[PDB]
Structure formats: C-alpha cells, structure tokens
file protein38.cif (mmCIF, C-alpha atoms)
data_structure
#
loop_
_atom_site.label_atom_id
_atom_site.label_comp_id
_atom_site.auth_asym_id
_atom_site.auth_seq_id
_atom_site.Cartn_x
_atom_site.Cartn_y
_atom_site.Cartn_z
CA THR M 1 -9.71 18.13 -22.49
CA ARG M 2 -5.94 17.69 -22.15
CA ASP M 3 -6.12 18.91 -18.54
CA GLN M 4 -5.18 15.86 -16.46
CA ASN M 5 -4.47 17.79 -13.25
CA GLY M 6 -5.81 16.30 -10.05
CA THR M 7 -5.72 13.66 -7.36
CA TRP M 8 -6.99 10.52 -9.00
CA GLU M 9 -8.18 7.46 -7.11
CA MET M 10 -8.24 4.06 -8.80
CA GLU M 11 -11.71 2.54 -9.21
CA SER M 12 -10.96 -0.20 -11.74
CA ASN M 13 -7.93 -2.27 -12.70
CA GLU M 14 -8.46 -4.90 -15.41
CA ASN M 15 -5.83 -7.52 -16.34
CA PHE M 16 -3.06 -6.08 -14.15
CA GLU M 17 -2.01 -9.71 -13.64
CA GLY M 18 -1.57 -10.41 -17.35
CA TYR M 19 0.33 -7.17 -17.81
CA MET M 20 2.64 -7.96 -14.88
CA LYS M 21 3.15 -11.51 -16.11
CA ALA M 22 4.21 -10.15 -19.51
CA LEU M 23 6.83 -8.11 -17.63
CA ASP M 24 8.05 -11.34 -15.94
CA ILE M 25 7.27 -9.86 -12.55
CA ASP M 26 7.68 -12.51 -9.86
CA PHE M 27 4.71 -14.18 -8.16
CA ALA M 28 5.36 -12.79 -4.67
CA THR M 29 5.12 -9.27 -6.05
CA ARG M 30 2.08 -9.98 -8.25
CA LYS M 31 0.13 -11.61 -5.41
CA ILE M 32 0.47 -8.36 -3.47
CA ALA M 33 0.15 -5.96 -6.40
CA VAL M 34 -3.22 -7.28 -7.60
CA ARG M 35 -4.66 -6.36 -4.20
CA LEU M 36 -3.47 -2.76 -4.29
CA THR M 37 -5.47 0.40 -5.04
CA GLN M 38 -3.58 3.35 -6.51
CA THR M 39 -3.72 7.11 -6.03
CA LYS M 40 -2.19 9.20 -8.77
CA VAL M 41 -1.45 12.87 -8.30
CA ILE M 42 -0.83 14.80 -11.49
CA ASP M 43 0.58 18.32 -11.61
CA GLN M 44 0.44 19.49 -15.22
CA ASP M 45 1.42 22.82 -16.76
CA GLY M 46 0.94 22.63 -20.52
CA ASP M 47 3.28 19.90 -21.69
CA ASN M 48 5.15 19.65 -18.36
CA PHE M 49 4.04 16.74 -16.15
CA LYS M 50 4.87 15.81 -12.57
CA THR M 51 3.19 12.62 -11.44
CA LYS M 52 3.14 11.00 -8.02
CA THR M 53 1.75 7.46 -7.78
CA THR M 54 1.01 5.72 -4.50
CA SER M 55 -0.20 2.15 -3.88
CA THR M 56 -2.34 1.29 -0.86
CA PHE M 57 -4.19 -1.72 0.41
CA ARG M 58 -6.71 -1.83 3.21
CA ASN M 59 -5.92 -4.06 6.17
CA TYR M 60 -8.83 -6.02 7.58
CA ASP M 61 -10.78 -4.17 10.27
CA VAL M 62 -9.97 -5.30 13.80
CA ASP M 63 -12.87 -4.87 16.20
CA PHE M 64 -12.90 -6.03 19.81
CA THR M 65 -14.10 -5.45 23.33
CA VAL M 66 -11.59 -5.28 26.16
CA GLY M 67 -12.02 -8.35 28.37
CA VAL M 68 -13.79 -10.52 25.81
CA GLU M 69 -11.70 -13.22 24.11
CA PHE M 70 -12.33 -13.37 20.37
CA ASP M 71 -11.26 -15.44 17.40
CA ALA M 72 -9.03 -13.58 14.99
CA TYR M 73 -7.41 -14.48 11.70
CA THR M 74 -4.25 -12.51 11.05
CA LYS M 75 -4.90 -12.03 7.35
CA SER M 76 -2.75 -8.88 7.11
CA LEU M 77 0.30 -10.89 8.19
CA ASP M 78 0.64 -14.67 8.47
CA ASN M 79 -3.04 -15.63 8.19
CA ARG M 80 -3.16 -17.78 11.31
CA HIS M 81 -6.01 -18.35 13.71
CA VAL M 82 -5.48 -16.96 17.19
CA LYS M 83 -7.65 -16.54 20.24
CA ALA M 84 -7.01 -12.96 21.27
CA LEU M 85 -7.74 -11.46 24.66
CA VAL M 86 -7.19 -7.76 25.20
CA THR M 87 -7.00 -6.38 28.74
CA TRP M 88 -5.95 -3.12 30.39
CA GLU M 89 -2.77 -2.76 32.43
CA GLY M 90 -3.17 0.79 33.66
CA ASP M 91 -3.75 2.69 30.43
CA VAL M 92 -1.76 0.18 28.41
CA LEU M 93 -3.73 -2.13 26.14
CA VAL M 94 -2.32 -5.66 26.40
CA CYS M 95 -3.19 -8.48 24.04
CA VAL M 96 -2.30 -12.16 24.20
CA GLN M 97 -2.75 -13.97 20.87
CA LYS M 98 -3.10 -17.64 21.88
CA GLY M 99 -2.29 -20.04 19.06
CA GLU M 100 0.34 -22.02 17.17
CA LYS M 101 3.13 -19.51 17.79
CA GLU M 102 4.64 -19.26 21.27
CA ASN M 103 4.84 -15.93 23.12
CA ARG M 104 2.69 -13.99 20.67
CA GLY M 105 0.91 -10.77 21.56
CA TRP M 106 1.09 -7.00 21.56
CA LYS M 107 0.70 -3.94 23.70
CA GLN M 108 -0.44 -0.46 22.77
CA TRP M 109 -0.23 2.83 24.65
CA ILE M 110 -0.26 6.60 24.29
CA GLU M 111 2.40 9.10 25.33
CA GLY M 112 1.90 12.72 24.39
CA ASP M 113 0.65 12.82 20.82
CA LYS M 114 2.22 9.49 20.01
CA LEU M 115 0.85 5.98 19.97
CA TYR M 116 3.20 3.09 20.64
CA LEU M 117 2.53 -0.47 19.51
CA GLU M 118 4.91 -3.27 20.43
CA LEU M 119 4.27 -6.59 18.71
CA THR M 120 5.93 -9.76 19.97
CA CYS M 121 6.40 -13.21 18.49
CA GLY M 122 8.83 -15.61 20.16
CA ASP M 123 12.08 -13.74 20.80
CA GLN M 124 11.28 -10.95 18.33
CA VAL M 125 9.78 -7.57 19.20
CA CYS M 126 8.62 -5.00 16.67
CA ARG M 127 8.16 -1.47 17.98
CA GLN M 128 5.87 0.84 16.00
CA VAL M 129 5.42 4.55 16.78
CA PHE M 130 2.59 6.64 15.32
CA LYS M 131 1.92 10.36 15.45
CA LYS M 132 -1.60 11.77 15.91
CA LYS M 133 -2.75 13.49 12.73
CA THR G 1 -5.43 8.13 29.54
CA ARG G 2 -7.41 5.05 28.45
CA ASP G 3 -8.44 7.02 25.38
CA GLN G 4 -6.77 5.93 22.16
CA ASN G 5 -9.15 7.62 19.70
CA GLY G 6 -7.69 9.24 16.62
CA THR G 7 -6.01 8.91 13.27
CA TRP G 8 -2.46 7.74 13.77
CA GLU G 9 0.27 7.90 11.14
CA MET G 10 3.29 5.63 11.40
CA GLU G 11 6.60 7.32 12.15
CA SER G 12 8.81 4.28 12.77
CA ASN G 13 8.65 0.51 12.44
CA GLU G 14 11.63 -1.05 14.24
CA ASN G 15 12.46 -4.70 13.59
CA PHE G 16 9.43 -5.22 11.35
CA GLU G 17 11.50 -7.69 9.30
CA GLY G 18 12.54 -9.77 12.32
CA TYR G 19 8.99 -9.95 13.62
CA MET G 20 7.66 -10.96 10.19
CA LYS G 21 10.39 -13.61 9.99
CA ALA G 22 9.31 -14.98 13.36
CA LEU G 23 5.76 -15.26 11.91
CA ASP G 24 7.20 -17.32 9.03
CA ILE G 25 6.48 -14.75 6.33
CA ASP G 26 8.69 -15.46 3.29
CA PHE G 27 11.75 -13.35 2.45
CA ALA G 28 10.33 -12.05 -0.85
CA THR G 29 7.20 -10.83 0.93
CA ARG G 30 9.20 -9.30 3.79
CA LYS G 31 11.41 -7.36 1.37
CA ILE G 32 8.27 -5.85 -0.11
CA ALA G 33 6.46 -5.31 3.20
CA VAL G 34 9.21 -3.31 4.90
CA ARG G 35 8.65 -0.60 2.25
CA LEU G 36 5.19 0.02 3.67
CA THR G 37 4.02 2.71 6.07
CA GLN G 38 0.74 2.63 7.96
CA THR G 39 -2.18 4.81 8.99
CA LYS G 40 -4.23 3.49 11.91
CA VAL G 41 -7.69 4.86 12.67
CA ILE G 42 -8.99 4.04 16.12
CA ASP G 43 -12.65 4.57 17.05
CA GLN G 44 -13.02 3.81 20.72
CA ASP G 45 -16.16 3.87 22.83
CA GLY G 46 -15.32 2.76 26.36
CA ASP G 47 -13.89 -0.74 26.16
CA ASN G 48 -15.23 -1.19 22.62
CA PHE G 49 -12.62 -0.76 19.88
CA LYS G 50 -12.99 -0.55 16.12
CA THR G 51 -9.63 -0.26 14.34
CA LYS G 52 -8.92 0.37 10.67
CA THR G 53 -5.33 0.00 9.44
CA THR G 54 -4.17 1.04 5.97
CA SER G 55 -0.75 0.14 4.54
CA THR G 56 0.71 2.34 1.83
CA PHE G 57 3.67 2.06 -0.53
CA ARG G 58 5.13 5.23 -1.87
CA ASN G 59 5.93 4.62 -5.52
CA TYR G 60 7.49 6.16 -8.50
CA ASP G 61 7.60 9.89 -9.01
CA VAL G 62 7.64 10.32 -12.79
CA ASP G 63 8.17 13.70 -14.39
CA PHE G 64 8.35 14.40 -18.11
CA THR G 65 7.77 16.91 -20.85
CA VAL G 66 5.66 15.92 -23.84
CA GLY G 67 7.90 15.53 -26.87
CA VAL G 68 11.16 15.18 -24.93
CA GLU G 69 12.71 11.69 -24.77
CA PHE G 70 13.76 10.41 -21.36
CA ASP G 71 15.52 7.30 -20.05
CA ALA G 72 14.00 5.69 -16.99
CA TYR G 73 13.91 2.47 -15.04
CA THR G 74 10.51 1.00 -14.38
CA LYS G 75 11.24 0.69 -10.66
CA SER G 76 7.65 0.19 -9.51
CA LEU G 77 7.31 -2.80 -11.82
CA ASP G 78 10.04 -4.87 -13.51
CA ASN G 79 12.92 -2.39 -13.05
CA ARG G 80 13.96 -2.42 -16.72
CA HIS G 81 15.48 0.46 -18.60
CA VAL G 82 13.18 2.06 -21.17
CA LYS G 83 13.64 5.13 -23.37
CA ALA G 84 10.27 6.82 -23.22
CA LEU G 85 8.65 9.40 -25.45
CA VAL G 86 5.29 10.92 -24.59
CA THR G 87 3.27 12.59 -27.36
CA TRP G 88 -0.29 13.86 -27.77
CA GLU G 89 -2.77 12.10 -30.02
CA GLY G 90 -5.80 14.31 -29.83
CA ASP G 91 -6.62 14.36 -26.11
CA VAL G 92 -4.77 11.10 -25.55
CA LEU G 93 -1.37 11.16 -23.90
CA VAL G 94 0.62 8.41 -25.63
CA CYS G 95 3.86 6.91 -24.29
CA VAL G 96 6.13 4.54 -26.13
CA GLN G 97 8.64 2.80 -23.87
CA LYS G 98 11.43 1.56 -26.13
CA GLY G 99 13.39 -1.32 -24.69
CA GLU G 100 13.63 -5.10 -24.28
CA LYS G 101 9.86 -5.65 -24.36
CA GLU G 102 7.96 -5.42 -27.63
CA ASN G 103 4.92 -3.17 -27.94
CA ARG G 104 5.48 -1.59 -24.53
CA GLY G 105 3.85 1.70 -23.58
CA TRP G 106 0.78 3.39 -22.19
CA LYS G 107 -2.05 5.78 -23.05
CA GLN G 108 -3.77 8.20 -20.67
CA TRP G 109 -6.81 10.40 -21.17
CA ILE G 110 -9.74 12.18 -19.49
CA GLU G 111 -13.39 11.34 -19.99
CA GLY G 112 -15.56 13.46 -17.73
CA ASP G 113 -14.96 12.68 -14.07
CA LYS G 114 -12.54 9.94 -14.98
CA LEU G 115 -8.96 9.31 -15.93
CA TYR G 116 -8.24 6.29 -18.15
CA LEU G 117 -4.84 4.61 -18.27
CA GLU G 118 -4.17 1.68 -20.61
CA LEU G 119 -0.88 -0.16 -20.12
CA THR G 120 0.43 -2.48 -22.82
CA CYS G 121 3.20 -5.03 -23.04
CA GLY G 122 3.28 -7.52 -25.89
CA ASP G 123 -0.22 -8.89 -26.39
CA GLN G 124 -1.34 -7.85 -22.90
CA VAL G 125 -3.40 -4.75 -22.17
CA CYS G 126 -4.24 -3.50 -18.69
CA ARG G 127 -7.01 -0.92 -18.34
CA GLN G 128 -7.15 1.27 -15.26
CA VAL G 129 -9.81 3.84 -14.46
CA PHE G 130 -9.46 6.58 -11.85
CA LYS G 131 -11.94 9.11 -10.49
CA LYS G 132 -11.26 12.50 -8.90
CA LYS G 133 -10.67 12.59 -5.13
#
call {"tool": "encode", "arguments": {"input": "protein38.cif", "output": "structure tokens"}}
result
Amino acid sequence: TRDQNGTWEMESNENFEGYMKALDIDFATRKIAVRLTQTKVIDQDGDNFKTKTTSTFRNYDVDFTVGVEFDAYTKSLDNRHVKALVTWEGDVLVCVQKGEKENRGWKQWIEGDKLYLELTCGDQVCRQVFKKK
Amino acid sequence: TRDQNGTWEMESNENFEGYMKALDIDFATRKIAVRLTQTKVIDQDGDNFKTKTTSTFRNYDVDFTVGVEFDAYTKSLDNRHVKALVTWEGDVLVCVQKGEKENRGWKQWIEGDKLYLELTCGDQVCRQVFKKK
C-alpha cells in the first residue's frame, strides 16, 4: 500500500547517533536526541503529504508519601541526590529538597482547573502553570 | 482541596532558564530544554502520590507533493538547506535531499501495522520503525 495515513508511534530507532554524527550535530543535542521517542502524524491525499513530527521523552516517575522523607535523584534535571520531604501547608504541597544546593524546593497547588508548581533554587524561582485536561 | 488528581498540561513555564542555570545545567542544554512543554499525570491516594511527567518537543511540520521539488531547512536536525524531491519507487516513498552532504535522503514505506523510515547521510543509515497509535 501507498497509504501512509495515520498517527505513528516510534518503536525502534537504530543508529540515530551515527546519522546525527554524519550531520555534524553537536554532542549536547545528540545526547538528548538519542533518548527521544517520536510520534509522526501523516495526512496524505494521493500525492499530497502533510506530516507533523513530535519528539517526546519520559521523565522518571516521582512517587512519594507526604510526611516521609525520601532519597531522590533529579535525573530529569541536574542529576543530583537530594533528601526530599513533602508536607502539606493547607492544601499546598510543600517540598524541601535537602542537598548540595542551598534553598532548593518546590510547592504545588490547585486553583480552579489549574495546577501551579513553583520550583526554587537559590535566588531563582520557576513558576509553572498547568491546565486540567 | 488536597486533591491533585488528574492529567495536567503545561500552559506556561516562567523563568525555566534561570532556574536551570541555578541548577548548573549547561547553556546548550538549557537552549534545547526551554523548547519543551510538559504533561503531568498525578495519581493520588490520600497522602500517597505517584507522578508521571512527560516532556515534549514540537518539531518540524513538513508538507510536500510527490514529484514537486521544494527547498527546506532541516531545522529539527542540522539546520542545513536542502533541495528535496520525493518520488515513488513501488510502494516506497523516496526523498533525495540535494545539498552539502553527499548521499543524503530518506525512504519511507508501510509493511502491515508498521511504518519504516530509513534516513541516510554519507555512509550512515538510520532505520526507524513506527507502529499505529
């Protein structure tokens, strides 16, 4: 069949590294790219093609119990070891990440159909907002 | 409430770069990472949390008509200009990307449940296999 229509999910990717190296793609990009899984959406009408390609990688599951300190390795970010303790302040989830970096933690709360996550390290605060799907 | 269950899709990510810089993540990695958006799935049972975060790049829309030449930049890869021509060879969609790199192109075809994509540059071949979502 010539019918390539569909939403296609990558199951195998062999020698992406060698291909990217032949394109002189820099190491920082390759180190990330080799870890990615792709979704390709193809809309095809005869010889007319529209393709939409999206790269995703799965962050490492984070499981915890409020009130119980746990060891965590921040592999999705800086890959450091922290001792995390999550507690409630009202209905706000508050985490202190004890470790090498000073003043490191986060807090997470809901307002309406939105989730807010503020991450802090030192004098820097990142505010993330999510919408419920 | 103290109920954060749900699938949460990122709407905004303020000062992600500054926070990553405070965590000593390198500039090249930061410049890639700020292009990401996240989906966060939270399964909460009382004070027990299981969280699953997925980061996604949006790449490269590519549209073309078989048999019609088109200039493009390979923005999701090395960002080089190629003049591409896609033709059919049997059921195989064949693309030659004329440009600075020798023997550059790709081939895409369907076998049953699966889409095959072979990328070539020079003496390097990358084979990708996708399955329907």
call {"tool": "closest_atom_pairs", "arguments": {"input": "protein38.cif", "of": "chain G", "to": "chain M", "cutoff": "6 Å", "atoms": "all atoms listed in the file", "output": "Markdown table"}}
result
| residue | atom | partner | partner_atom | distance |
| --- | --- | --- | --- | --- |
| G:1 | CA | M:91 | CA | 5.8 |
| G:2 | CA | M:91 | CA | 4.8 |
| G:7 | CA | M:133 | CA | 5.6 |
| G:8 | CA | M:132 | CA | 4.6 |
| G:9 | CA | M:130 | CA | 4.9 |
| G:10 | CA | M:130 | CA | 4.1 |
| G:11 | CA | M:130 | CA | 5.2 |
| G:12 | CA | M:129 | CA | 5.3 |
| G:13 | CA | M:128 | CA | 4.5 |
| G:14 | CA | M:127 | CA | 5.1 |
| G:15 | CA | M:126 | CA | 4.9 |
| G:16 | CA | M:126 | CA | 5.4 |
| G:19 | CA | M:124 | CA | 5.3 |
| G:47 | CA | M:66 | CA | 5.1 |
| G:48 | CA | M:65 | CA | 4.5 |
| G:49 | CA | M:64 | CA | 5.3 |
| G:50 | CA | M:63 | CA | 4.3 |
| G:51 | CA | M:62 | CA | 5.1 |
| G:52 | CA | M:61 | CA | 4.9 |
| G:53 | CA | M:59 | CA | 5.2 |
| G:54 | CA | M:58 | CA | 4.7 |
| G:55 | CA | M:57 | CA | 5.7 |
| G:56 | CA | M:56 | CA | 4.2 |
| G:57 | CA | M:55 | CA | 5.1 |
| G:58 | CA | M:54 | CA | 4.9 |
| G:59 | CA | M:54 | CA | 5.1 |
| G:60 | CA | M:53 | CA | 5.9 |
| G:61 | CA | M:52 | CA | 4.7 |
| G:62 | CA | M:51 | CA | 5.2 |
| G:63 | CA | M:50 | CA | 4.3 |
| G:64 | CA | M:49 | CA | 5.3 |
| G:65 | CA | M:48 | CA | 4.5 |
| G:66 | CA | M:47 | CA | 5.1 |
| G:78 | CA | M:25 | CA | 5.8 |
| G:91 | CA | M:2 | CA | 5.2 |
| G:124 | CA | M:19 | CA | 5.4 |
| G:126 | CA | M:15 | CA | 4.9 |
| G:127 | CA | M:14 | CA | 5.2 |
| G:128 | CA | M:13 | CA | 4.4 |
| G:129 | CA | M:12 | CA | 5.0 |
| G:130 | CA | M:10 | CA | 4.1 |
| G:131 | CA | M:9 | CA | 5.3 |
| G:132 | CA | M:8 | CA | 4.7 |
| G:133 | CA | M:7 | CA | 5.5 |
call {"tool": "calpha_fit_rmsd", "arguments": {"input": "protein38.cif", "fixed": "chain M", "moving": "chain G"}}
result
0.6 Å
call {"tool": "atom_distance", "arguments": {"input": "protein38.cif", "atom1": "CA of residue 112 in chain M", "atom2": "CA of residue 94 in chain M"}}
result
19.0 Å
call {"tool": "atom_distance", "arguments": {"input": "protein38.cif", "atom1": "CA of residue 71 in chain M", "atom2": "CA of residue 107 in chain M"}}
result
17.7 Å
call {"tool": "atom_distance", "arguments": {"input": "protein38.cif", "atom1": "CA of residue 73 in chain G", "atom2": "CA of residue 103 in chain G"}}
result
16.7 Å
